[PDB]
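Here's the structure, in structure tokens; my notes come after.
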Amino acid sequence: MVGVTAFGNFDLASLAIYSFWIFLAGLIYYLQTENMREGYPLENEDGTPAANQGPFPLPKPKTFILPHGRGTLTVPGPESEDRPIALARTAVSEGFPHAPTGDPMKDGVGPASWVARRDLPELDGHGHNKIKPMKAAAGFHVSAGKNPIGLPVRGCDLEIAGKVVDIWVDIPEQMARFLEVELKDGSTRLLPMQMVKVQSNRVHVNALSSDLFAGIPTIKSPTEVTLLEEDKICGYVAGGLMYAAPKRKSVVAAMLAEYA
Amino acid sequence: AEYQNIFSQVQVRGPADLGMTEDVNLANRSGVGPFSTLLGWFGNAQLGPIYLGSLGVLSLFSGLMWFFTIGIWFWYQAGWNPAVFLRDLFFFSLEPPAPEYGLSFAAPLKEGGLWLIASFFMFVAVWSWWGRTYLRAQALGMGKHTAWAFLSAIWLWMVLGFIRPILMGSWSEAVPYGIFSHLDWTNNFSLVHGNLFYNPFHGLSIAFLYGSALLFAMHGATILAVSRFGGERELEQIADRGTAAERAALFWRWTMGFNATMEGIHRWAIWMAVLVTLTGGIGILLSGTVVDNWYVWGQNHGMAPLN
Amino acid sequence: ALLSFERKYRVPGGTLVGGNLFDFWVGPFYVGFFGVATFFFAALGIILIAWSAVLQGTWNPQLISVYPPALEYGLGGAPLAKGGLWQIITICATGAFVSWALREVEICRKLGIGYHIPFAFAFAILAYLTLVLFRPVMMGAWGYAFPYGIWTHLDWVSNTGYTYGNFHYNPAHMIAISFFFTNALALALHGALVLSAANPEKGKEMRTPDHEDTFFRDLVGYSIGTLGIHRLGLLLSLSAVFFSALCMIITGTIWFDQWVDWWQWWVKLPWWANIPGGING
Amino acid sequence: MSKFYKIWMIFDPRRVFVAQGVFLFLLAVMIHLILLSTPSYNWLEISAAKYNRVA
Amino acid sequence: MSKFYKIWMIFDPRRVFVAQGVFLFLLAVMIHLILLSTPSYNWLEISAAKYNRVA
Amino acid sequence: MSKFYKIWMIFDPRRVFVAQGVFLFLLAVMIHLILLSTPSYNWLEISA
Amino acid sequence: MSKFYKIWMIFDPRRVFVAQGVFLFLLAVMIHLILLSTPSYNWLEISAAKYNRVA
Amino acid sequence: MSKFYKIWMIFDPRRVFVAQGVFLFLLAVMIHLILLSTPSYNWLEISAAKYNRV
Amino acid sequence: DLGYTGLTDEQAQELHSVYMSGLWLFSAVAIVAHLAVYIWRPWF
Amino acid sequence: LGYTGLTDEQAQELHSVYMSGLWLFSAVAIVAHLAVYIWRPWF
Amino acid sequence: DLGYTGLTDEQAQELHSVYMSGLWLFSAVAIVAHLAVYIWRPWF
Amino acid sequence: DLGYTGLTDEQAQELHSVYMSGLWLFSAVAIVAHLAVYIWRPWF
Amino acid sequence: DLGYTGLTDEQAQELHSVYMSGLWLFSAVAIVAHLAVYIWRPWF
Amino acid sequence: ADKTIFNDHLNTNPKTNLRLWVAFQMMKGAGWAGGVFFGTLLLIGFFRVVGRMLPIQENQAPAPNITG
Ligand code: BCL
Ligand SMILES: COC(C)(C)C/C=C/C(C)=C/C=C/C(C)=C/C=C/C(C)=C/C=C/C=C(C)/C=C/C=C(\C)CC/C=C(\C)CCC=C(C)C
Ligand SMILES: COC(C)(C)C/C=C/C(C)=C/C=C/C(C)=C/C=C/C(C)=C/C=C/C=C(C)/C=C/C=C(\C)CC/C=C(\C)CCC=C(C)C
Ligand SMILES: COC(C)(C)C/C=C/C(C)=C/C=C/C(C)=C/C=C/C(C)=C/C=C/C=C(C)/C=C/C=C(\C)CC/C=C(\C)CCC=C(C)C
Ligand SMILES: COC(C)(C)C/C=C/C(C)=C/C=C/C(C)=C/C=C/C(C)=C/C=C/C=C(C)/C=C/C=C(\C)CC/C=C(\C)CCC=C(C)C
Ligand SMILES: COC(C)(C)C/C=C/C(C)=C/C=C/C(C)=C/C=C/C(C)=C/C=C\C=C(C)\C=C\C=C(/C)CC/C=C(\C)CCC=C(C)C
Ligand SMILES: [Fe+2]
């Protein structure tokens, strides 16, 4: 059918290309509606629903049957913060930052934010706890790389804040998730492995200064960590990047602050 | 510098993970292989276990026979000389039958018949592997998304090797087996049909291949950026939206005005990758059968300056 | 205008330049200093492409083309109607891309996430600069860069490729293509696997990462892991772009003949060059 | 016309004003570029031909 | 026209001033480049032809 | 122009000064490059 | 014919209405472009030929 | 034939109706376009020849 | 009464009545347009 | 069996409505085909 | 009183009156510009 | 009465008066430049 | 009285006086350079 | 933040200090922009030097695109 046109230059190739444009528009609509299952409907900076909701409407709700009898999740559905937000409006007009009312790292706002998730441990396929300390994990041991256990932990202010006592490992993935760090007071905190740089002699934590290590949220159980505790710890450590900046002793930062 | 999470800075090894047992026949599953420290620096160190089922056996036998047929043809083309075999490994070719034979299976063994035998073996191997992906999804109760994405890839492969040669009425239209030979087939296909660049479906296929590279860069970068919040555990973020999913969504919302979800980004991913081979198969199927010169077609459709 | 969870993340800080001068949002977009710069450069580039369409004499978007200066102009400036507009649009595009990357850096700092996304975008910016800046400067003319047209930059790709015979034989090109194909394959597999785990057979419980690892080990005998697959996707895309930039930066600068002539070096190794038979004998 | 004010009960004035500003600017630029494309109404070229600047 | 001040009861002056500065500089640059592109009103080329600078 | 000073009660002074220095340098570079573009006023085209 | 209303017990009215609007618009545009594409029934060309616009 | 209604106890009527509508529209468009492609049955060209439009 | 949408029988009847009124109006306009075109230029 | 979950009477009513629609559609199609065949037979 | 945007009827009326004043000023300027262009170079 | 930016009517009036002063100064400079260009090289 | 930046009226006046002094000095230097270039190579 | 021992610069009147601070902010912005521009110019110069070293002129490719 070379050169066979129904009308004008419109042939099987033109039919295919226009039908694909139609299909692509439909597919983009479908993909956007699927993406609209979290964070909607949109809200104003005070909390009330916004007048503008977007050209794409909300999809019909779908139900996930959570594993291990954890219930169900229907999305889109009524979702709230379920936590006080310690932020104050810096302008009556919308589109401006909200300033923390107190200490943002303690308030859990900004880069130090955390989400009120289930206060239950994450489970593997078999139903056991996914993340467990390596002492309580049967047969787990450091296989390669520098072993961080026993190394001093140095904060962003170049001051030692504790020592690594144990490694928390993800049993299915078989990778380290959290380093347990004992502070000067004898209590233990958790540090995400992605926020610590294991060097030859020490473990460097650029996110947190030494004095902030005490402020890390603690786990209610020494052997298990829940999703809420993981979120709080990770939020605190990451928010340390922007909120422990004055205490960080970076040379480039010092030179920039010299001229700023 | 800070830890970028590109490579694991420490490896932990425990008991070998034997995997789930939803509906999988454990007899057909092999034993766990060795742990690779080199692989552990990047992902999981554990090798195996693999499932060796009926379809797995069929696919392995057919693929081994296809590979061995191409190899024996290469050895014949080398004069059975190992030095010549190594020298001209990329220049050997198992070419399809000449155009004089059309679609007939009467081509001589050294002039196209061996290509037909190897192509039958490859056909059986690929389709049995597709059935294997489907049944491995079915045994674990998972969705068949992998089966359908592989079906898109198989669609492009079938168009290249089977459907288009049939519609053109000649096995000579099909792709020869060999590295540089199939590269030359690609180049000659573009040249014969008049600058395949002006194939609109080839353009869409390239758009979605670039989009696949762009989207996997964006997604891998996003997940590595939010992995400090346990963002790599994406199924958890789907079930219980943590601060990682929220931070990823807010990053992309503040950057480009819209975002995805932890699950919807994977719909974007699967469709961006699927459309590559889908549009590609359509564009190859149109070439020669419907459009013999894509530059003239583009001229008649306002894609090229003249006309 | 805010997501149900966005309120607690809109806080001051993280800006690189400007402090609170541009630290605000316009709708969903975070502006910042580099956002102001990005918008200006983008609007200028788009308006200049429309103006170049006016000068060219065609309004068909597929026929609109902004050609670089001819080889007679060398690396110097050119009249706007005949190459200068391309130079201005290239400067605007580079400014917009770099401003976009720095705006992403600001957003990353505000959210407290890693800088993997602007770093990955820097690779695409470097490939673009290889095609429009580094390679034309090495070769000594802006006319070696590609035109800013939908179908004319395809003509540039075709002509540049066929200048060196079949461009498939460029080895760095082969590596980049293999990386691109592998990246597309891995993206398909990853999207499909996560969707299958999160959308199992109707009425069944949602699956776990254990199920994903079990599926891929039962399929191919190996599972790279969620962190592993995301690392792999990032590295595959970045390596593809890096090797494509390398292939174009070595082409026309240190290589000038057909690339199959390059592949002839393996054939002409002393210990098997003269052996008869095979393809090259 | 009598009750058109109720559009502001439906549409947020800020959103509509931003959209209208962008739309009006883009429309005006589009129409000016359409005129500049045509050999007639290209007022620059018309003036050049009228006073014989191109010589 | 006497009530146009109420535009500031709707739009915060900071974002509006940023947008207006960007828009005005963009518009001025656009018009200058449009003039430079045309052989007429390309004041640099006009002066070059007037004083016989370009060969 | 009597009450233009109030623009410093809208925009922070030091930030505006830094941004304005950047803008002035970039504008100067842009004008120099446009001059270098034209064959006349291309002062870097020293020839025999 | 009398019980056809029961289709609204099966199909969500909003989705059907949106899809029907899109389908009708695309169909009408397609038919109009078919008519314009053919040299006959292109009412613009017919009007031009009838009143000798092409001169 | 009398018991064909039981097919609705195996098939979801909503999915079946959607698939049927899409299939019917695509088939109708395909057939109308096939007729347009052939010089005969291109009713536009037939009318043009009959009334001497060209 | 499958109730895939939650509409009651009376709601479905009223919705279908309004929809059919709209459909008949659209079809009447289309028929008038087709008569005008066929008078102006028949295609049979 | 009851894959859909419909009661038998609901399935029968739905089938009756669907068959009415199908007969209407096929009757219009038969009229169209007869008109085309009278206008231009394809056999 | 739908109140999607939260404006009251009086606020909407005042806003619309000012908006229409601006629209009519813009339209008058456009009409003057079109008269100037049509006098200088008519397009009809 | 309507509140979206926190400005009062008096503050809005003062801001608009200063803004209009700036706008009229800018327009005056633009008009002078346009007169200079039109005298140097008219476009009508 | 808006005070988005914490500057009082007197601080704004003093800073604007300093800024305008610098602006006029820079403008004078630019005018000197333009006079030099125009004498060396006029563009009108 | 530590007090300077020189103490001679403190004799300037504070209005001159304000003028110096404004000029310093503008000069810092302009200097960062100039550093970016000169780094770009040095990158272009490095690639030009490399191209000069390579035998581009001996065998250079034709025009990939039609001149315009
Ligand atoms: C001179 C060469 C021509 C040209 C000729 C062609 C031709 C001819 C084709 C393409 C095709 C493609 N081209 Mg092109 N192409 C050119 C220029 C380009 C440029 C560029 C920058 O210039 C780009 C980016 C592309 C990009 C692309 C892709 C979008 C597309 C291939 C998708 C794919 O993954 O296929 C590769 C993937 C597959 C073939 C699927 C394989 C699936 C099967 C199941 C795999 C079996 C594996 C087997 C069993 C082995 C197993 C091993 C064991 C596991 C160990 N082309 C020029 C114009 N291009 C294809 C296409 O679709 O075009 C429309 C195609 O056929
Ligand atoms: C290539 O092929 C060509 C193009 C050449 C030939 C074409 C072939 C084909 C395949 C053609 C296809 C034709 C078809 C399928 C046409 C279908 C047309 C239909 C069904 C049109 C329907 C129109 C209906 C309309 C406009 C109804 C409008 C109704 C309203 C506006 C009112 C709705 C309001 C309601 C219901 C109020 C809500 C109710 C309550 C009780 C609250
Ligand atoms: C390709 O097609 C071509 C281009 C050839 C032809 C073009 C065709 C088309 C499709 C053209 C489109 C034309 C259209 C749709 C034009 C629309 C124009 C409109 C509607 C313009 C509106 C202008 C309104 C203005 C400028 C209003 C300004 C208002 C103010 C300045 C005052 C705002 C202040 C308020 C409301 C104060 C708020 C009140 C209180 C109490 C707080
Ligand atoms: C392709 O088409 C071409 C380009 C050829 C033709 C172009 C067409 C188009 C689309 C042209 C567009 C024209 C338009 C829409 C121009 C708009 C001009 C306007 C509205 C300019 C406004 C200027 C206003 C200025 C410069 C105001 C300056 C104000 C100040 C310097 C003082 C600011 C300080 C204040 C208000 C202090 C207030 C603070 C307190 C505490 C009271
Ligand atoms: C494509 O378009 C082209 C490029 C062809 C033409 C370009 C067109 C356009 C759109 C150009 C844009 C022009 C604009 C908008 C220029 C704006 C210039 C402004 C507002 C400059 C302001 C400068 C202000 C300065 C430098 C203030 C400095 C203040 C101080 C340094 C503090 C005071 C210190 C003093 C006075 C030091 C005193 C010392 C002694 C010894 C007396
Ligand atoms: C040295 O060690 C030994 C010899 C033992 C093993 C070595 C093996 C070697 C050297 C193997 C080399 C393999 C290579 C280089 C393979 C290259 C493959 C490539 C590049 C393939 C590219 C494209 C292939 C395509 C698109 C194939 C499409 C095929 C189909 C769609 C199936 C067609 C099916 C047909 C014709 C069935 C016909 C038969 C019947 C009975 C109906
Ligand atoms: Fe993922």
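Going through the structure tokens in order, the chains are called A, B, and so on, while each chain numbers its residues from 1 and the ligands are numbered from 1 in the order shown.
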
Any residue with an atom at most 6 Å from ligand 1 counts, using only C-alpha atoms and all ligand atoms. Which are they? Put them as a VMD selection string. (chain B and resid 126 153 to 154 156 to 157 186 to 187 189 to 190 195 to 197 201 to 202 205 to 206 209 276 to 277 280 to 281 283 to 284) or (chain C and resid 181)

For the residues in the current selection, export N, CA and C atoms as a short mmCIF file (atom, residue, chain, number, x, y, z; two decimals), in the first residue's frame.
```cif
data_model
loop_
_atom_site.label_atom_id
_atom_site.label_comp_id
_atom_site.auth_asym_id
_atom_site.auth_seq_id
_atom_site.Cartn_x
_atom_site.Cartn_y
_atom_site.Cartn_z
N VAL B 126 12.73 -16.88 22.61
CA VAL B 126 12.19 -15.61 23.07
C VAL B 126 10.76 -15.77 23.56
N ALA B 153 8.68 -5.21 23.75
CA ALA B 153 9.99 -5.50 23.17
C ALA B 153 9.90 -6.59 22.12
N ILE B 154 9.13 -7.64 22.41
CA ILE B 154 8.93 -8.74 21.47
C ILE B 154 8.19 -8.26 20.24
N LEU B 156 8.54 -5.29 18.78
CA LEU B 156 9.56 -4.72 17.90
C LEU B 156 10.43 -5.82 17.28
N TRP B 157 10.82 -6.81 18.08
CA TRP B 157 11.67 -7.89 17.59
C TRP B 157 10.97 -8.69 16.49
N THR B 186 21.00 -2.19 9.78
CA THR B 186 20.33 -0.98 10.26
C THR B 186 20.62 0.20 9.34
N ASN B 187 21.90 0.39 9.00
CA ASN B 187 22.27 1.51 8.14
C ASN B 187 21.64 1.39 6.76
N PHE B 189 18.94 -0.28 5.95
CA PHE B 189 17.50 -0.07 6.07
C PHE B 189 17.18 1.41 6.04
N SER B 190 17.95 2.21 6.77
CA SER B 190 17.71 3.65 6.73
C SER B 190 17.95 4.20 5.33
N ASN B 195 16.29 7.88 4.41
CA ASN B 195 16.54 8.67 5.61
C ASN B 195 15.44 8.43 6.66
N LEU B 196 15.52 7.26 7.28
CA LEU B 196 14.60 6.84 8.33
C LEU B 196 14.42 7.89 9.43
N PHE B 197 15.32 8.88 9.50
CA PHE B 197 15.12 9.99 10.43
C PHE B 197 13.77 10.65 10.24
N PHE B 201 7.35 7.83 13.29
CA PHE B 201 7.34 6.86 14.38
C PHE B 201 8.74 6.51 14.84
N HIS B 202 9.72 6.57 13.95
CA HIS B 202 11.10 6.49 14.39
C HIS B 202 11.46 7.69 15.25
N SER B 205 9.94 7.02 18.57
CA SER B 205 10.72 6.00 19.26
C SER B 205 11.97 6.61 19.87
N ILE B 206 12.64 7.49 19.13
CA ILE B 206 13.81 8.18 19.67
C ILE B 206 13.40 9.11 20.80
N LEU B 209 13.00 6.89 23.74
CA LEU B 209 14.28 6.38 24.23
C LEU B 209 15.05 7.46 24.98
N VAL B 276 8.88 3.16 23.44
CA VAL B 276 10.06 3.05 22.59
C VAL B 276 9.85 1.96 21.55
N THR B 277 9.71 0.72 22.01
CA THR B 277 9.57 -0.40 21.10
C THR B 277 8.21 -0.41 20.41
N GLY B 280 8.51 2.08 17.71
CA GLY B 280 9.53 1.58 16.81
C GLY B 280 9.02 0.47 15.92
N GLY B 281 8.27 -0.47 16.49
CA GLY B 281 7.69 -1.53 15.68
C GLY B 281 6.72 -0.99 14.66
N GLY B 283 6.79 2.00 13.29
CA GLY B 283 7.54 2.71 12.27
C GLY B 283 8.28 1.79 11.32
N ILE B 284 8.85 0.70 11.84
CA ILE B 284 9.51 -0.26 10.98
C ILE B 284 8.50 -0.99 10.11
N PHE C 181 20.32 1.45 25.36
CA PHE C 181 19.42 0.31 25.27
C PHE C 181 19.28 -0.39 26.61
#
```

Please identify all protein, DNA and RNA residues within 6 Å of ligand 5, counting only C-alpha atoms and all ligand atoms, and report them as a list in words.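 Going residue by residue within 6 Å of ligand 5, we get residues 25, 28, 29, 32 and 33 of chain E; 30 and 31 of chain F; 18, 19, 21, 22, 23, 25 and 26 of chain M; 19, 22 and 23 of chain N.
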
Run DSSP on the backbone and give me the residues of chain M it puts in alpha helix (DSSP H), as JSON, numbers by chain. {"M": [9, 10, 11, 12, 13, 14, 15, 16, 17, 18, 19, 20, 21, 22, 23, 24, 25, 26, 27, 28, 29, 30, 31, 32, 33, 34, 35, 36, 37, 38, 39, 40]}

Kindly save the residues from that selection, with N, CA and C atoms included, as an mmCIF file, in the first residue's frame.
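Saved as again29.cif:
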```cif
data_model
loop_
_atom_site.group_PDB
_atom_site.id
_atom_site.type_symbol
_atom_site.label_atom_id
_atom_site.label_comp_id
_atom_site.auth_asym_id
_atom_site.auth_seq_id
_atom_site.Cartn_x
_atom_site.Cartn_y
_atom_site.Cartn_z
ATOM 1 N N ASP M 9 11.681 54.329 57.327
ATOM 2 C CA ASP M 9 11.659 55.329 56.265
ATOM 3 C C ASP M 9 12.988 56.070 56.173
ATOM 4 N N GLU M 10 13.574 56.423 57.320
ATOM 5 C CA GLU M 10 14.826 57.172 57.314
ATOM 6 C C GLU M 10 15.977 56.325 56.790
ATOM 7 N N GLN M 11 16.033 55.055 57.190
ATOM 8 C CA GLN M 11 17.058 54.162 56.666
ATOM 9 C C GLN M 11 16.926 54.011 55.161
ATOM 10 N N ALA M 12 15.696 53.852 54.674
ATOM 11 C CA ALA M 12 15.482 53.737 53.239
ATOM 12 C C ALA M 12 15.907 55.008 52.519
ATOM 13 N N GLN M 13 15.601 56.174 53.093
ATOM 14 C CA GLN M 13 15.995 57.432 52.467
ATOM 15 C C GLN M 13 17.509 57.555 52.382
ATOM 16 N N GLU M 14 18.205 57.245 53.475
ATOM 17 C CA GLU M 14 19.659 57.358 53.474
ATOM 18 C C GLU M 14 20.289 56.382 52.490
ATOM 19 N N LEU M 15 19.830 55.132 52.505
ATOM 20 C CA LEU M 15 20.370 54.140 51.588
ATOM 21 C C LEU M 15 20.095 54.518 50.142
ATOM 22 N N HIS M 16 18.903 55.039 49.858
ATOM 23 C CA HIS M 16 18.590 55.428 48.492
ATOM 24 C C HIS M 16 19.419 56.623 48.058
ATOM 25 N N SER M 17 19.710 57.545 48.975
ATOM 26 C CA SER M 17 20.594 58.651 48.628
ATOM 27 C C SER M 17 21.982 58.146 48.261
ATOM 28 N N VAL M 18 22.519 57.214 49.050
ATOM 29 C CA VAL M 18 23.821 56.630 48.727
ATOM 30 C C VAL M 18 23.769 55.921 47.378
ATOM 31 N N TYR M 19 22.717 55.131 47.162
ATOM 32 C CA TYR M 19 22.596 54.362 45.931
ATOM 33 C C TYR M 19 22.464 55.271 44.719
ATOM 34 N N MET M 20 21.688 56.345 44.838
ATOM 35 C CA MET M 20 21.520 57.259 43.719
ATOM 36 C C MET M 20 22.799 58.028 43.441
ATOM 37 N N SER M 21 23.560 58.367 44.482
ATOM 38 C CA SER M 21 24.859 58.985 44.248
ATOM 39 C C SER M 21 25.754 58.056 43.442
ATOM 40 N N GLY M 22 25.795 56.782 43.828
ATOM 41 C CA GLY M 22 26.583 55.824 43.069
ATOM 42 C C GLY M 22 26.072 55.632 41.654
ATOM 43 N N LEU M 23 24.750 55.612 41.487
ATOM 44 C CA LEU M 23 24.160 55.441 40.166
ATOM 45 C C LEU M 23 24.514 56.602 39.254
ATOM 46 N N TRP M 24 24.452 57.828 39.768
ATOM 47 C CA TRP M 24 24.797 58.977 38.941
ATOM 48 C C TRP M 24 26.286 59.007 38.634
ATOM 49 N N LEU M 25 27.128 58.589 39.580
ATOM 50 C CA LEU M 25 28.554 58.502 39.279
ATOM 51 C C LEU M 25 28.829 57.479 38.182
ATOM 52 N N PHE M 26 28.217 56.299 38.283
ATOM 53 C CA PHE M 26 28.397 55.272 37.263
ATOM 54 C C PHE M 26 27.853 55.732 35.919
ATOM 55 N N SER M 27 26.711 56.418 35.927
ATOM 56 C CA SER M 27 26.141 56.929 34.689
ATOM 57 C C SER M 27 27.045 57.977 34.058
ATOM 58 N N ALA M 28 27.666 58.827 34.878
ATOM 59 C CA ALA M 28 28.600 59.812 34.346
ATOM 60 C C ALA M 28 29.821 59.143 33.732
ATOM 61 N N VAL M 29 30.344 58.104 34.385
ATOM 62 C CA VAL M 29 31.478 57.378 33.812
ATOM 63 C C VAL M 29 31.082 56.729 32.491
ATOM 64 N N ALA M 30 29.883 56.150 32.439
ATOM 65 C CA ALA M 30 29.403 55.552 31.200
ATOM 66 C C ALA M 30 29.238 56.599 30.111
ATOM 67 N N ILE M 31 28.761 57.790 30.470
ATOM 68 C CA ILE M 31 28.603 58.862 29.493
ATOM 69 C C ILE M 31 29.960 59.312 28.974
ATOM 70 N N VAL M 32 30.964 59.368 29.847
ATOM 71 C CA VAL M 32 32.312 59.711 29.403
ATOM 72 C C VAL M 32 32.831 58.668 28.421
ATOM 73 N N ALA M 33 32.643 57.386 28.740
ATOM 74 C CA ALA M 33 33.083 56.329 27.833
ATOM 75 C C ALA M 33 32.337 56.390 26.507
ATOM 76 N N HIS M 34 31.040 56.692 26.550
ATOM 77 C CA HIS M 34 30.263 56.802 25.324
ATOM 78 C C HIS M 34 30.704 57.987 24.487
ATOM 79 N N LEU M 35 31.027 59.109 25.127
ATOM 80 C CA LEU M 35 31.568 60.242 24.388
ATOM 81 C C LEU M 35 32.889 59.880 23.732
ATOM 82 N N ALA M 36 33.753 59.174 24.459
ATOM 83 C CA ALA M 36 35.024 58.758 23.879
ATOM 84 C C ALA M 36 34.807 57.867 22.665
ATOM 85 N N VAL M 37 33.905 56.890 22.777
ATOM 86 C CA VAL M 37 33.656 55.975 21.667
ATOM 87 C C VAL M 37 32.987 56.699 20.505
ATOM 88 N N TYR M 38 32.057 57.608 20.798
ATOM 89 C CA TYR M 38 31.359 58.328 19.741
ATOM 90 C C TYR M 38 32.304 59.240 18.975
ATOM 91 N N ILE M 39 33.236 59.888 19.671
ATOM 92 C CA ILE M 39 34.264 60.650 18.975
ATOM 93 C C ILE M 39 35.146 59.718 18.159
ATOM 94 N N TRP M 40 35.562 58.599 18.754
ATOM 95 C CA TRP M 40 36.431 57.663 18.052
ATOM 96 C C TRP M 40 35.714 56.992 16.887
#
```

Interface rows for chain E against chain L: nearest pair, Å to one decimal, 8 Å, only C-alpha atoms, as CSV:
```
residue,atom,partner,partner_atom,distance
E:4,CA,L:16,CA,7.9
E:5,CA,L:16,CA,5.1
E:6,CA,L:12,CA,6.5
E:8,CA,L:12,CA,5.6
E:9,CA,L:5,CA,5.7
E:10,CA,L:4,CA,5.1
E:11,CA,L:5,CA,6.3
E:12,CA,L:5,CA,5.4
E:41,CA,L:41,CA,7.9
```

Residues within 7 Å of ligand 7 should be enumerated using only C-alpha atoms and all ligand atoms and returned as a ChimeraX atom specification. /B:219,223,234,266 /C:190-191,194,226,230

Residues of chain D within 7 Å of chain E, only C-alpha atoms counted, as a ChimeraX atom specification: /D:14,48,53

Residues of chain A within 6 Å of chain B, counting only C-alpha atoms, what are they? List them as a PyMOL selection string. chain A and resi 1-2+34-35+114-115+139-145+175+194+197+234

Let's have the selection written as a short mmCIF file (atom, residue, chain, number, x, y, z; two decimals), in the first residue's frame, with N, CA and C atoms.
```
data_model
loop_
_atom_site.label_atom_id
_atom_site.label_comp_id
_atom_site.auth_asym_id
_atom_site.auth_seq_id
_atom_site.Cartn_x
_atom_site.Cartn_y
_atom_site.Cartn_z
N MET A 1 0.82 -1.20 0.00
CA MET A 1 0.00 0.00 0.00
C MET A 1 0.86 1.26 0.00
N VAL A 2 1.84 1.30 -0.89
CA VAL A 2 2.72 2.46 -0.99
C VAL A 2 2.03 3.53 -1.83
N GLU A 34 -3.23 9.20 37.54
CA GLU A 34 -2.61 8.25 38.45
C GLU A 34 -1.66 8.94 39.42
N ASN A 35 -0.92 9.94 38.95
CA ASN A 35 -0.04 10.70 39.83
C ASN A 35 -0.80 11.54 40.84
N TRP A 114 9.15 15.48 59.20
CA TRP A 114 8.89 14.06 59.27
C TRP A 114 7.39 13.85 59.14
N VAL A 115 7.01 12.63 58.77
CA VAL A 115 5.62 12.29 58.49
C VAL A 115 5.11 11.35 59.57
N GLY A 139 23.66 -14.71 61.89
CA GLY A 139 24.63 -14.97 60.86
C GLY A 139 25.13 -13.76 60.11
N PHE A 140 24.57 -12.58 60.36
CA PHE A 140 25.00 -11.39 59.65
C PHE A 140 26.32 -10.87 60.21
N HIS A 141 27.19 -10.44 59.30
CA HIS A 141 28.49 -9.91 59.68
C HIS A 141 28.98 -9.00 58.55
N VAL A 142 29.92 -8.13 58.89
CA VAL A 142 30.50 -7.24 57.89
C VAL A 142 31.34 -8.08 56.93
N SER A 143 31.03 -7.99 55.64
CA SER A 143 31.67 -8.81 54.63
C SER A 143 32.79 -8.09 53.89
N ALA A 144 32.67 -6.79 53.68
CA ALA A 144 33.68 -6.03 52.95
C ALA A 144 33.61 -4.58 53.39
N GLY A 145 34.67 -3.84 53.07
CA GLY A 145 34.77 -2.45 53.44
C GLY A 145 35.25 -2.27 54.86
N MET A 175 21.81 -5.14 53.43
CA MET A 175 22.64 -3.95 53.41
C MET A 175 22.42 -3.16 54.69
N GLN A 194 23.30 6.53 54.91
CA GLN A 194 23.47 7.45 53.80
C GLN A 194 23.92 8.83 54.25
N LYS A 197 29.85 9.17 56.58
CA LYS A 197 30.97 8.84 55.70
C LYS A 197 31.98 8.03 56.50
N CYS A 234 15.61 10.28 60.41
CA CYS A 234 16.11 10.73 59.12
C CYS A 234 15.82 12.21 58.90
#
```

Report the Cα RMSD between chain I and chain M after least-squares superposition, pairing every C-alpha atom in order.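 Computed value for the CA RMSD is 0.4 Å.
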
Using only C-alpha atoms, find the residues of chain C whose closest atom to chain F is at most 6 Å away, then write them as a list in words.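 Output check: residues 18, 77 and 78 of chain C.
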